[PDB]
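# Descriptive structure summary
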Amino acid sequence: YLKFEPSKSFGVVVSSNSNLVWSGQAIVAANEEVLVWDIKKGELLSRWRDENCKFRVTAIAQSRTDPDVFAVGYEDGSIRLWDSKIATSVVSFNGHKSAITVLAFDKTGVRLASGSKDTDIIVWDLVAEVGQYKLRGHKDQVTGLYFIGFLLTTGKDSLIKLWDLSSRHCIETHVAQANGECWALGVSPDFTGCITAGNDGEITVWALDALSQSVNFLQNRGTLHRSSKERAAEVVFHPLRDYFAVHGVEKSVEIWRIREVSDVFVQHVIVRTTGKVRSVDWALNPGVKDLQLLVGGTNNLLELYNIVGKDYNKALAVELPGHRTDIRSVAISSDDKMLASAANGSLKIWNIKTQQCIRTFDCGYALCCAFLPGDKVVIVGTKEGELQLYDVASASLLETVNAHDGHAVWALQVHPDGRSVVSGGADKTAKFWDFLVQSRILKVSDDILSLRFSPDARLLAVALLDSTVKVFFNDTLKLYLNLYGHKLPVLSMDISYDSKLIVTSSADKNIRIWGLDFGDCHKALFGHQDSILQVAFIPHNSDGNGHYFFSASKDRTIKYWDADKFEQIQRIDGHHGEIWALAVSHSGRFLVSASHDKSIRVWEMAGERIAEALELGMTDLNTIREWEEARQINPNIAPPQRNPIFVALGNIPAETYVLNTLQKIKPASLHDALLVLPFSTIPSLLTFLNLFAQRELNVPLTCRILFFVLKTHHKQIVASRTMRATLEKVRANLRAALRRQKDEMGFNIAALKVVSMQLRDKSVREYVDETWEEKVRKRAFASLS
Amino acid sequence: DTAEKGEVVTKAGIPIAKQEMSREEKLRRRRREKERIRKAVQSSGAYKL
Amino acid sequence: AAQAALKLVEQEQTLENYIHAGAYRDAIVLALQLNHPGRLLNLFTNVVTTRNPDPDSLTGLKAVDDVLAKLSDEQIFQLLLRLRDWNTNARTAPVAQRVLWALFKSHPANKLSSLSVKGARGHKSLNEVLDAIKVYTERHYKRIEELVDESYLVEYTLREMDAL
Amino acid sequence: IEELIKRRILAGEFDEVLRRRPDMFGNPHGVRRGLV
RNA sequence: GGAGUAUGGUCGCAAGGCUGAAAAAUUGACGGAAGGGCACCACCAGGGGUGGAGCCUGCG
RNA sequence: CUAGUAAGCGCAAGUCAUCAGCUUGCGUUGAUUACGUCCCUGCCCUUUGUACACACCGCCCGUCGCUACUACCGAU
């Protein structure tokens, strides 16, 4: 039951997320890991590969004033601070919910902003390693972040937002686009201006200055428009000269210069790139008078252009350590030391121990690929119905035949003896080519999807568009038998080395285990959330495991199964774009995995409560009056040093505290807790009520609890003495407060009587006639009895 | 039943506008209302590709 | 609609800044202009509870007194809608009491009679909303009245402690 | 018997007495007795 | 002869297997905090069995 | 186990199921001890409705689902 482990992972340069970085080194993001290459020589300097986290990362940031320490923001919402001196995440922050979108570093690098798709923005002390706080604006997700302290940010609702840092809330807002969406944010590093790129290609330009009155810092000094009316992706300034670059995801970037606003800024150049650029990045090099623009193109490429200052030239490039459009097929060698790699547009073969590409060919499309025994030569069936033949040694194309007209040849199977190949197309014919020439063709009902030989070259089986399978004899092409039951067309097949079993994978999210003697389905099995792409046995039962097999499925999953017990023995995660192809070692020692991830991987008490609150408020009043005596003696610095719980509650006054913590409880319980209070607690409560009346609030409550205290202890109060002055205070305060209230509302009802009668007099009658009977509320009052 | 247009009444009977409302209170009042409520053939190219 | 929305969000956030500042006067006037009574009520509660009132100001802020004296009739009327709600509540009643008290002390009853708004139709017309105000004020007046009739006890007991 | 219980509790039916109101007979529509 | 009621026997259908054992949801799924009501399967005052030895119905 | 109750004491019957290695009756004598409280343990029920005056209260909180819209990403 040897479980398998990802041993290698490669074939790739920058994924389709943003945030390229330059240092003469290029810092790009793989799927999970973050790797650095040299641009002069295409050798990667290193990788930053975290064994703990498997989420993709999409946010990459360099600390200003300190390189070699770098922040990354993942798909889950985590933050990792690494070094380049040593490939170690020094810290991780897990504060958001999903997909850290924008990062930000301090001018001094002690502070870090994290903006996410989950729309909340969390700042981070970088020496206390704490979520400092959490600015909450932004009805939808952030599309930009910058530090000034102060913060400027833009969110996808086309909303630009200026927060303070010391006083945690925003002070300025504007909209970029009334109906559109601000997508990108560009800041003058000298804090003079800001530009907002919105989805029409509209670049609104803004001037910036560096509270009871009208604060105004930003001004829309105008708007501009680029040529591309696409969603602009990113706008990057020159750190030194007066230039910047606008782009969306396109094969073009518009570099404009700095000298009305359209006069201020004109397009310097527009660089056409070979591919849709994902992310742009700046580079300046020591000793050049040029501009090193480092673009990372969505089709898995790196490009370096030189811009002259007072035309572009494709100066440097990185394409060879990975394919470019989408990997489709794989054929690992019989000695299992190299492998052919078949992508749309390209074919690259690679040595596995170097995990490094050795040869490269251009195709148009690559449906399927397979070397020929001896591994001298390789074969690709391609979308146009056609068939192309290359060799690995001279690195050339040998032959090419039109297998089908334009009927994409879906399946390719070398003969087990290795003197013929068979080819199955988007036509109704499966052809047979002995090497070559065409030995024999096969006419069927529908278009063939997949097929395979028998390891003992004795049978074959085909898997058709009709959700079915036709097992035929190898020698003569007679119907052995047929398979059904799959509701959707069977996508792949695989049979046992002893030709005793078949797994059949279809797009109906399940596989079938067939017994190959009369073809009884030994077990139908739903085991994948999506369309299972491919299935593969191990050839060798020399380990004693030959009826174990593997399933690659559209939910980014590989699953390891045993047919004999019909059980899941392992589950294989690790890719994040949908897997397309995979292959097993001839010895079965490992396996390679090709995905739309564009990677290949190799796998080996109540009153008591108010009593204490009263006590706390007494202490509060004591330190407050003492602080008053201090500040009255001298206006020197004097902190009141209230309780941590008061300052945790936001410096609220003690009276507010006690009234709130009393008003929380229900009335009956109030009656009883007020009852249960003891007499030492009484006069402090009296002083609180005195404060309440003097700063009157919830006056019926105050009177009520007052009278309760007095009646339940009417004797002990007239026993004591120190009550007397306090009771006089509460008498004066309460009597004046009640008088104030009553007099005001009595004024109110008086004036209301006046205006009501006057209104009636306005609304008496106008005409005078014989019918005076035109001269009243009513209510319903259902009663059941 | 006598509420204003952009605003809704509270259970306390206090006027709040949905615009002056916060998102958090919005979520919580949705939760309270729901709480009361609960108390009551294709191409092979597309297929393989 | 676009330029109106630009203005709206501008004034909305500047309102927010006023609230952060405690810029009470302009806060209230733009709060009236933006018609949102929760925040408006919060402001009213604070301004009747400043803890340092001008002894001459009817509300503790002569600026608020001035702007309510400078109110237009329609502003007055929508305010009255908010007032009748806050009078219906009895926790909010004193704050609901103080403002109309100044508001009555500001404007003459001839103007108050001659209020004519287009939004006076059905239940939300003048006689009715003032009527509801009348009844709820009556309830509270009764409440505080009997409350004072109770409160005389502390004078009695004080006189007793004088007797000893 | 555990099987039968399972069937009924899934397909929820019981032969329970219910709380029939005392005033179906005179209030066959069951009005609320307050404001209308 | 009519109308019913039963009763049994006859007859036709039901009685042709892409197949090989192990959802609904504007209403739902699951918590949590506070507050009440209760109970010799809770607290508290006690009482009283069995459980030690012998006899044996029963049950395992 | 909280009132003719715990317990004691015998006397009889022998009821279509059970029960004589006992069941079930009837009478006889008859106490102590709490008779309160949700603190522990729990169990249930509030936070919707089902009636209006006085009176009082005053927008519970969490993680997800389903729905409409918005825009994004990548194959065909």
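Residues numbered from 1 in each chain as written, not as in the entry; some residues may be left out. Chains lettered and ligands numbered in written order. Part of a larger assembly, values for the part shown. Heavy atoms only, no water. Residues with missing side-chain atoms left out of burial classes, pairs and counts.

The deposited coordinates, according to the entry record, derive from cryo-EM at 4.7 Å resolution.

### Some thoughts on the overall build of chain C
Defined as follows: Where helices and strands are cited, they refer to DSSP runs of H or I of at least four residues and of E of at least two residues respectively, numbered from the N terminus. Contact criterion: two residues are considered in contact whenever any of their non-hydrogen atoms come within 4.5 Å of each other.
On a plain count of helices and strands, chain C comes out with eight helices and zero strands. For chain C, the N- to C-terminal ordering of α and β elements is α-α-α-α-α-α-α-α. The C-alpha extent of chain C, read off along each of the three principal axes, is 75 × 40 × 25 Å. When contacts within chain C are restricted to residue pairs at least 6 apart in sequence, those whose partners lie at least 24 apart make up 60%.

### As for the protein's contact with RNA strand E
Convention followed: A single heavy atom is enough: if one lies within 4 Å of a molecule or strand, its residue is considered near that molecule or strand. Identification of polar contacts relies on pairs of N or O atoms within 3.5 Å, with a donor-acceptor requirement for protein atoms, meaning one able to donate a hydrogen and the other able to accept it, and with residues adjacent in sequence counted only if both atoms are side-chain atoms. Throughout this entry, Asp, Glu, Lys and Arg are counted as charged residues, while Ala, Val, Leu, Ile, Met, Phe, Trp, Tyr, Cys and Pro are counted as nonpolar. The remaining residues, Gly among them, count as polar.
Near RNA strand E, the surroundings consist of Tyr484(A), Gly485(A), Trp514(A), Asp520(A), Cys521(A), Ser669(A), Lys34(B), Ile37(B) and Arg38(B). Considering RNA strand E, the proportion of its atoms within 4 Å of the protein that are sugar or phosphate atoms stands at 39%. At 3.0 Å from a base oxygen of RNA strand E is found a side-chain nitrogen or oxygen belonging to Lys34(B). In terms of residue count, the dominant contributor to the surface near RNA strand E is helix α1 (residues 23-39) of chain B (three residues). Across the surface near RNA strand E, the residue classes tally to four nonpolar, two polar and three charged.

### Topic: a negative patch on the surface
Residue and element names in this part refer to chain C. Test applied: Residues forming no salt bridge and having over 30% relative accessible area are the ones grouped into patches, like charges within 9 Å of each other and nonpolar side chains (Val, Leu, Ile, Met, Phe, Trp, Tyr) within 5 Å. Accessibility throughout is a Shrake-Rupley quantity obtained with a 1.4 Å probe, and a residue counts as covered only by protein chains that appear here. By salt bridge we mean one thing: a side-chain nitrogen of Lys or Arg within 4 Å of a carboxyl oxygen of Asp or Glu. We score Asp and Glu as negative and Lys and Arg as positive, and we do not count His or the chain ends. Each charge is placed at NZ for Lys, CZ for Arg, CG for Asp and CD for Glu. In this scheme, a residue with accessible area under 20% of its type's maximum is buried, one over 50% is exposed, and one in between is partly exposed, where area comes from a 1.4 Å probe on protein chains only.
A contiguous patch of negative charge on the surface is contributed by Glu145, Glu146, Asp149 and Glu150. Tracing the backbone through its elements, the reader meets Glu150 in helix α8 (residues 126-163). Residue classification places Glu150 among the partly exposed positions, given a relative accessible area of 36%.

### Thoughts on the protein's contact with RNA strand F
Taken together, 41 residues form the shell around RNA strand F, and within it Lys156(A), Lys11(B), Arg31(B), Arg32(B) and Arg32(D) come nearest. Of what RNA strand F places within 4 Å of the protein, 67% of the atoms are sugar or phosphate. Here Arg36(B) contributes a side-chain N or O atom positioned 3.1 Å from a phosphate oxygen of RNA strand F. The separation between a phosphate oxygen of RNA strand F and a polar side-chain atom of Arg139(C) is 2.8 Å. Elements that contribute at least two residues to the surface near RNA strand F include exactly α1 of chain B together with α8 of chain C. Taken together, the residues of the surface near RNA strand F sort by class into 12 nonpolar, seven polar and 22 charged.

### A look at the interface of chain A and chain C
Going by this rule: Values labelled buried area give the accessible surface lost by two parts on being combined, using a 1.4 Å probe and summing over both.
Contacts between chain A and chain C engage 48 residues on the former and 53 residues on the latter. Carbon and sulfur atoms make up 67% of the area that chain A and chain C hide from each other, which totals about 4,800 Å². At the boundary of chain A and chain C, one finds three salt bridges. Close ionic contact of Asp131(C) with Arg777(A) constitutes a salt bridge, the shortest N to O distance being 2.6 Å. Applying the counting rule to chain A against chain C returns 14 residue pairs in polar contact. Only β17 (170-175), α4 (654-663), α7 (699-712), α8 (715-719) and α9 (723-762) of chain A provide two or more residues apiece to the side of chain A that touches chain C. Of the residues that constitute the side of chain A that touches chain C, the class distribution is 24 nonpolar, 11 polar and 13 charged.

### Here's the deal with a nonpolar patch on the surface
Residue and element names in this part refer to chain D. A cluster of nonpolar side chains, contributed by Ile1, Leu4, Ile5, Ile9 and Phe14, occupies part of the molecular surface with about 560 Å² of accessible area. Tracing the chain through its elements places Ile9 in helix α1 (residues 2-10). Taking relative accessible area as the criterion, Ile9 reaches 51% and is therefore assigned exposed.

### What about the packing of aromatic side chains?
Residue and element names in this part refer to chain A. As a reminder, the rule being used: Working definition: a ring pair exists when centres of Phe, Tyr or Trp rings (six-membered ring for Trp) sit within 6.5 Å. Plane angles under 30 degrees give stacked, over 60 give edge-to-face, the rest tilted.
Taken as a whole and judged by the stated rule, the model has 19 aromatic pairs over all chains. When the centroid spacing of 6.1 Å and the interplanar angle of 55° are considered together, the rings of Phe244 and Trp256 count as tilted. Taken together, the residues span a long stretch of sequence, with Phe244 in strand β23 (residues 243-248) and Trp256 in strand β24 (residues 252-258) at a distance of 12 residues. Take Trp256: its relative accessible area is 3%, and that puts it in the buried class. Here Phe646 and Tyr657 contribute two aromatic rings whose centre-to-centre distance is 5.7 Å and whose plane-to-plane angle is 70°, an arrangement assigned as edge-to-face. Taken together, the residues span a long stretch of sequence, with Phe646 in helix α3 (residues 644-648) and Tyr657 in helix α4 at a distance of 11 residues. Neither residue differs from the other here; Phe646 and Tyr657 are each classed as buried. In textbook terms, an aromatic cluster arises when at least three aromatic residues are bridged by ring pairs, as seen for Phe4, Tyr548, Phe550 and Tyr560.

### Notes on the interface of chain B and chain A
Counting from both sides, the interface comprises eight residues of chain B and, opposite them, 13 residues of chain A. Summing both partners gives a buried area of about 1,100 Å² for chain B against chain A, and 59% of it is carried by carbon and sulfur. For chain B, the biggest contributors to the area lost against chain A are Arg23(B), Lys48(B) and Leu49(B); these three give 63% of the whole. Joining chain B to chain A, the criterion identifies one salt bridge. Of the charged contacts, one joins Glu24(B) and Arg136(A) as a salt bridge, the two residues approaching to 2.7 Å between their closest N and O atoms. For the pair chain B and chain A, the number of links is seven residue pairs in polar contact. Those elements giving two or more residues to the side of chain B that touches chain A turn out to be α1 and α2 (44-48) of chain B. In terms of residues, the side of chain B that touches chain A owes the most to one element, α2(B), which gives four residues. When grouped by side-chain class, the residues that make up the side of chain B that touches chain A number three nonpolar, two polar and three charged.

### Topic: the pattern of salt bridges
Residues and elements named next belong to chain A. For the structure on display, the rule yields 29 salt bridges over all chains. Salt-bridge contacts for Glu303 lead to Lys314; the nearest nitrogen and oxygen are separated by 3.4 Å. Its relative accessible area of 37% is what places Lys314 among the partly exposed residues. In this structure, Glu626 and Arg625 form a salt bridge, with 3.1 Å as the shortest nitrogen-oxygen distance. Overall, the relative accessible area of 39% leaves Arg625 in the partly exposed class.

### Looking at the packing of helix α1 (residues 2-21) of chain C against helix α2 (residues 24-34) of chain C
Residue and element names in this part refer to chain C. Our working rule: Working convention: axes come from line fits to C-alpha atoms, limited for helices to the stretch in contact. Angles between N-to-C directions cover 0 to 180 degrees. If you view the pair so one helix is near and one far, a crossing is left-handed when the near helix is turned anticlockwise from the far one by less than a right angle, and right-handed when it is turned clockwise.
Between α1 and α2, the least distance of the axes is 9 Å, while the angle of their chain directions is 145°. For the pair α1 and α2, the sense of crossing is left-handed. Facing α1, whose interface residues are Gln11, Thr14, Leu15, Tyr18 and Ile19, α2 presents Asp26, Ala27, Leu30, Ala31 and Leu34. For the contact of α1 with α2, the residue count by class is seven nonpolar, two polar and one charged.

### A closer look at the pairing of strand β11 (residues 111-116) of chain A
All names here are of chain A. Let me state the cut-off plainly: In short, DSSP must find at least two bridges between two strands for them to pair.
In terms of residue burial, β11 counts as a mostly covered element, since six of its six residues are buried. Residues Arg111, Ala113 and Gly115 of β11 are buried on one face, and the alternating residues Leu112, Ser114 and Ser116, pointing to the opposite face, are buried as well. Hairpin connection, strand β10 (residues 100-105) to β11: the antiparallel pair is bridged by five residues, and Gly109 has positive phi, about 80°. Two strands pair when backbone bridges link them, and β11 and strand β12 (residues 121-125) are joined in this way by five bridges, in the antiparallel orientation. Pairing of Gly115 across the sheet is with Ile121, part of β12. In textbook terms, the turn of a hairpin is the stretch between consecutive antiparallel strands, and for β11 and β12 this stretch comprises four residues, one of which, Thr119, has a positive phi near 75°.

### Concerning the packing of α9(A) against helix α6 (residues 93-106) of chain C
Helix-helix packing is characterised by the crossing angle of the two axes and by the distance between the axes. Where we set the bar: Throughout, the term roughly parallel applies to angles under 35 degrees, roughly antiparallel to angles over 145, roughly perpendicular to angles from 65 to 115, and oblique to all others.
Running from N to C, α9(A) and α6(C) point in directions that differ by 55°, and their axes come no closer than 9 Å. In this view, α9(A) runs oblique relative to α6(C), as classed from their interaxial angle. Handedness of the α9(A)/α6(C) crossing: left-handed. Where α9(A) abuts α6(C), its residues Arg740(A), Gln741(A), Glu744(A), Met745(A), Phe747(A), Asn748(A), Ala751(A) and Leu752(A) lie against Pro94(C), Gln97(C), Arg98(C), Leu100(C), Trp101(C), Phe104(C) and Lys105(C). Among the residues forming the contact of α9(A) with α6(C), the class breakdown is eight nonpolar, three polar and four charged.

### A closer look at the sheet that holds strand β18 (residues 182-187) of chain A
Strands belonging to one sheet form pairs held by backbone hydrogen bonds; the direction of such a pair is parallel or antiparallel. All names here are of chain A. The four strands are arranged β18-β19-β20-β21 in an open sheet whose pairing can be described as antiparallel. In the strand order of this sheet, the two ends are held by β18 and β21 (218-225), each with one partner. Each strand axis lies, on average, 20° off the axis of its neighbour in the sheet, ignoring direction. Sheet analysis places strand β19 (residues 193-198) next to strand β20 (residues 202-208), joined by six bridges and oriented antiparallel. Considered in β20, the bridge of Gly193 is made with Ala207.

### Let's talk about the arrangement of the chains
Ranking by contact count across four pairs of chains in contact places chains A and C at the top. Kept free of each other, chain B and chain D leave a smallest C-alpha distance of 13 Å between them. If you take every C-alpha in chain C and every C-alpha in chain D, the smallest gap between them is 16 Å, and the two do not touch.

### A closer look at α6(C)
Inclusion rule: Given the number of residues in a helix, its expected span is that number minus one, multiplied by 1.5 Å.
In a regular helix each residue adds 1.5 Å, so 14 residues correspond to 20 Å; α6(C) covers 20 Å between its end C-alpha atoms and thus fits that length. Within α6(C), 11 of the 14 residues are buried, which leaves the element mostly enclosed by the surrounding structure. Along α6(C), the positions that sit buried rather than exposed are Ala93(C), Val95(C), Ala96(C), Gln97(C), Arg98(C), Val99(C), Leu100(C), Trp101(C), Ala102(C), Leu103(C) and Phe104(C). Its buried side turned inward, α6(C) meets α9 of chain A together with α3 (37-48), α4 (62-69), α5 (73-88) and α8 of chain C.

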